[PDB]
Amino acid sequence: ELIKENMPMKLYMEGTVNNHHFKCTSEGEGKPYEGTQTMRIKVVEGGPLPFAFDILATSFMXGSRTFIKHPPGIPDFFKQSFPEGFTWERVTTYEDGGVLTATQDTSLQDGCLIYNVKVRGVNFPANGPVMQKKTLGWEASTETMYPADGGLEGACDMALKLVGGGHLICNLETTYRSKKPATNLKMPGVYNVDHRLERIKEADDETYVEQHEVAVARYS
Ligand SMILES: [Ca+2]
Ligand code: NI
Ligand code: NI
Ligand code: NI
């Protein structure tokens, strides 16, 4: 219907991480009913970024919620929200004190999903792995989804691989809000989304990135 078996995406992102401003654009496509997508991402202002691109990854199924495979038995808050669309607001808290806040608008225009993202990263240690570009991508994760007075909340711990073999742990708290009246939505129960966000290709300086995500919902 409005969400076809194949859907394209376009994105604009702007914000700051510590004292550095940047802008990104991306375009991609995916299979909403399979839970898969690919995004081709350009740093268009503020590049090369003096921090790990990994801290932005969930802002592009961590950020592209229409492409989560929901079995028919799990009401799909995101796909039900069209044509009106939805928003999300997240705080990602790293164990070393970095905090990445992101807010996002999702709309549907002429059969493309359109994302507008605002990023604010603060307090990343100057000599820590994010600002020193010592990260190696995200491990697979599970986000628990909680129906919340007409919205949906998500809660996830994620693990950022580090050069040396360790991990940097962070916590995600997200609020997902529909632009449809909640009374017009079927709310799901509590459920889980298993996510796999993978770096496919990059410019040496991370000013071009391709990343892939797979995301599939299940009842615990
Ligand atoms: Ca590991
Ligand atoms: Ni700005
Ligand atoms: Ni700078
Ligand atoms: Ni299928």
Side-chain angles (χ1 to χ4, degrees), residues 1-8 13-25 29-38 41-58 61-62 64-76 78-79 92 94-96 98 100 113 118-143 156-172 191 193-199 203-209 211-219:
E1 19 102 89
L2 286 179
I3 304 305
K4 305 290 217 320
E5 280 165 12
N6 300 276
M7 287 295 284
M13 173 184 293
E14 179 176 346
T16 55
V17 170
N18 289 7
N19 58 358
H20 189 86
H21 188 276
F22 70 99
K23 299 175 182 173
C24 299
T25 64
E29 60 279 324
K31 292 196 185 75
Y33 303 91
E34 310 299 348
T36 61
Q37 62 188 303
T38 298
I41 306 161
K42 299 174 177 178
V43 179
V44 300
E45 203 185 273
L49 305 170
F51 57 84
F53 188 100
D54 282 328
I55 70 172
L56 303 178
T58 61
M61 317 246 204
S64 180
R65 309 298 299 190
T66 303
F67 303 84
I68 297 168
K69 194 178 199 185
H70 287 75
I74 307 183
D76 189 333
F78 303 106
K79 294 185 186 65
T92 300
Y94 288 79
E95 63 179 326
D96 68 350
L100 191 292
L113 289 154
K118 297 165 149 192
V119 169
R120 297 293 181 186
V122 303
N123 293 334
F124 288 89
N127 193 34
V130 167
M131 299 310 295
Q132 299 297 37
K133 295 170 49 69
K134 299 299 184 247
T135 72
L136 297 172
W138 295 102
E139 301 190 342
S141 64
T142 300
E143 184 182 15
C156 185
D157 303 281
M158 296 184 69
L160 183 52
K161 294 179 179 299
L162 302 181
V163 174
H167 313 76
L168 184 64
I169 303 306
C170 62
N171 171 266
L172 289 61
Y191 71 102
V193 178
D194 297 325
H195 294 271
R196 213 186 73 224
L197 188 163
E198 294 167 346
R199 175 78 55 87
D204 289 354
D205 68 1
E206 283 179 341
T207 60
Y208 180 75
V209 170
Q211 61 185 41
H212 182 261
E213 185 183 327
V214 184
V216 183
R218 64 175 168 78
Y219 273 138

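Read the numbers this way: they start at 1 and go in the same order the structure lists the ligands and their atoms. Positions are given from 1 along the sequence.
The atom name of the N/O/S atom in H20 closest to the Ni ion (ligand 3) is ND1. Shortest distance from the Ca ion (ligand 1) to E139 is reached at OE2 (N/O/S atoms only).
Proximity of a side-chain donor or acceptor of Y33 to a complementary backbone N or O of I3 within less than 3.5 Å is detected. Formation of a donor-acceptor pair under 3.5 Å by the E139 side chain with backbone atoms of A159 is not found in this model. Proximity of a side-chain donor or acceptor of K79 to a complementary backbone N or O of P32 within less than 3.5 Å is detected. Judged by distance alone, the side chain of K133 and the main-chain N or O of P50 form no donor-acceptor pair under 3.5 Å. When atom types are taken as modelled, the side chain of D194 and the backbone of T142 share no donor-acceptor pair closer than 3.5 angstrom.
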Exercise for the section: Before giving the answer on side chain to side chain contact (heavy atoms under 4.5 Å, CB included), spell out for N18 and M131 the whole-Å C-alpha distance, their side-chain angles and the decisive distance to 0.1 Å. Expected result: CA-CA 9 Å; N18 289 7; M131 299 310 295; 3.8 Å; yes
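With rounding to the nearest 0.5 Å, the separation of OG1 in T16 from NZ in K118 is 12.0 Å.
Only protein N, O or S atoms were considered, and those under 2.8 Å from the Ni ion (ligand 4) are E34 OE1, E34 OE2.
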